[PDB]
Amino acid sequence: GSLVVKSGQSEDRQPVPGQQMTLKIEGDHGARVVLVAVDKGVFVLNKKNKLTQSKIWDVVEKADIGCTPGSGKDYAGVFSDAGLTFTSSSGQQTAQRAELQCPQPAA
Amino acid sequence: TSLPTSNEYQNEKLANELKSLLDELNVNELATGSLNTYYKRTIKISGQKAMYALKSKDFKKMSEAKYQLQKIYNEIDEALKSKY
């Protein structure tokens, strides 16, 4: 969807310790948003193990059942190499898959 | 007696306007008792600046303190409307 967080004050400069400030939040309707503010000084000691949207997709992609950029050796390979199984009443079926992870990256 | 002169008017008007705010200073200062520390910190500082400027009768300091003291007042007025 989309989630943006900008300054409510559509004007002015830098605030002063103790001063209030409007905080605009542009997100999807019906969505719940959890917030958190941290002093940048903390990240100077440690910036690892954070939470990023990019790190999320990186995990989703790793859990993909497809193990080939495309195509295959044969018709039964195209489906399997794309994360699918074909089976017909004529006999044409795909290669039996019985292993969770993708092929061990054999360079 | 007739009338004032060049620096005789503007310098007196600013003094009166600055005094009007200083009168209700204790009013606003005591109004921050329920508000945050920010308002209590800003008004106790902007308070002296208005007093010292008044006795000095310096056009610059009086004006400099007039808006200094006027701003904090308005910030307090708005700080109360969120509380009813």
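Residues numbered from 1 in each chain as written, not as in the entry; some residues may be left out. Chains lettered and ligands numbered in written order. Part of a larger assembly, values for the part shown. Heavy atoms only, no water.

Points about the overall build of chain B
To be explicit about the condition: By definition, any uninterrupted DSSP run of H or I lasting at least four residues is a helix, any uninterrupted run of E lasting at least two residues is a strand, and each is numbered from the N terminus. Exposure classes here rest on a 1.4 Å probe applied to the protein chains alone. A residue is buried below 20% of its type maximum, exposed above 50%, and partly exposed in between.
The number of helices and strands found in chain B is four helices and zero strands. Ordered by position from N to C terminus, the α and β elements of chain B give α-α-α-α. Its C-alpha atoms give chain B principal-axis dimensions of about 50 × 20 × 15 Å. Considering chain B as a whole, with its 84 residues, one finds that 30% of them fall into the buried category.

Structural notes on the UniProt feature "disulfide bond" in chain A
All names here are of chain A. What counts, and what does not: Two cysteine sulfur atoms form a disulfide, by the criterion used here, when they sit within 2.5 Å. UniProt positions are given in the numbering used here, feature names are shortened, and annotations may be inferred rather than shown by experiment.
Judged by the 2.5 Å criterion, the disulfide between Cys-67 and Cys-102 that UniProt reports is present, the sulfurs being 2.0 Å apart. Taken together, the residues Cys-67 in the loop between α1 (53-62) and α2 (75-80) and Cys-102 in the segment after α2 connect sequence positions 35 residues apart. Under the relative-accessibility criterion, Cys-67 is labelled partly exposed at 27%. Taking the relative accessible area as the measure of exposure, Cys-102 reaches 29% and is therefore partly exposed.

So, the environment of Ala31(B)
All names here are of chain B. You can see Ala-31 is positioned in the loop between α2 (25-30) and α3 (37-56). What makes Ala-31 partly exposed here is its relative accessible area of 23%. Sequence separation of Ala-31 and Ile-76 is 45 residues, and the distance between their C-alpha atoms is 8.0 Å.

Some details on the state of the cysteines
Linking two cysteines covalently through their sulfur atoms gives a disulfide. Residues and elements named next belong to chain A. A full pass over the atoms with the stated rule returns one disulfide over all chains. In this model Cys-67 forms its disulfide with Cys-102; the gap between the sulfur atoms is 2.0 Å. Here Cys-67 and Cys-102 share a disulfide; its torsion about the S-S bond, -80°, makes the bridge left-handed.

Quick look at helix α4 (residues 59-81) of chain B
All names here are of chain B. The cut-off we apply is this: For a helix, the expected span equals 1.5 Å multiplied by the number of residues minus one. Two residues qualify as a contact provided that any one of their heavy atoms is within 4.5 Å of a heavy atom in the partner residue.
Spanning 23 residues, α4 covers 33 Å between terminal C-alpha atoms, matching the ideal 33 Å at 1.5 Å per step. Taken together, the buried positions of α4 are occupied by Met-62, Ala-65, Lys-66, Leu-69, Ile-72, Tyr-73, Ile-76 and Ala-79. Check the buried side of α4 and you find it contacts α1 (6-23), α2 and α3.

Re the nonpolar core
Burial of nonpolar side chains together is a common tendency in soluble globular proteins. Residue and element names in this part refer to chain B. Which entries qualify depends on this criterion: We call a set of buried residues a nonpolar core when its members are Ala, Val, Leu, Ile, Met, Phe, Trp, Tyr or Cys and they connect through side-chain atoms within 4.5 Å of each other.
If you look at the biggest cluster of nonpolar residues, it comprises 20 residues, and the most contacted ones within it are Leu-18, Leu-22, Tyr-39, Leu-69, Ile-72 and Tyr-73. Of all the elements in the fold, those that place two or more residues in this core are α1, α3 and α4. Here the element with the most residues in this core is α4; it accounts for seven residues. Setting aside chain neighbours within four positions, we find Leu-18 in contact with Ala-50, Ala-53, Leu-54, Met-62, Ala-65 and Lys-66.

So, the packing of aromatic side chains
Residues and elements named next belong to chain A. Rules: Aromatic rings from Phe, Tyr and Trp, taking only the six-membered ring of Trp, are treated as a pair when their centres fall within 6.5 Å; an angle between ring planes under 30 degrees marks them as stacked, one over 60 as edge-to-face, and anything in between as tilted. Here, over-ring charges are defined by two tests on the NZ atom of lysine or the CZ atom of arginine: distance to the ring centre within 6 Å, and angle to the ring normal within 35 degrees.
Counting across every chain of the model gives two aromatic pairs over all chains. Between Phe-79 and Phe-86, the aromatic rings sit 5.1 Å apart at their centres with planes inclined by 45°, giving tilted as the arrangement. Judged by relative accessible area, which is 29%, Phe-79 ranks as partly exposed. Directly above the aromatic system of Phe-43 lies the positively charged group of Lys-50, at a separation of 4.5 Å from the ring centroid.

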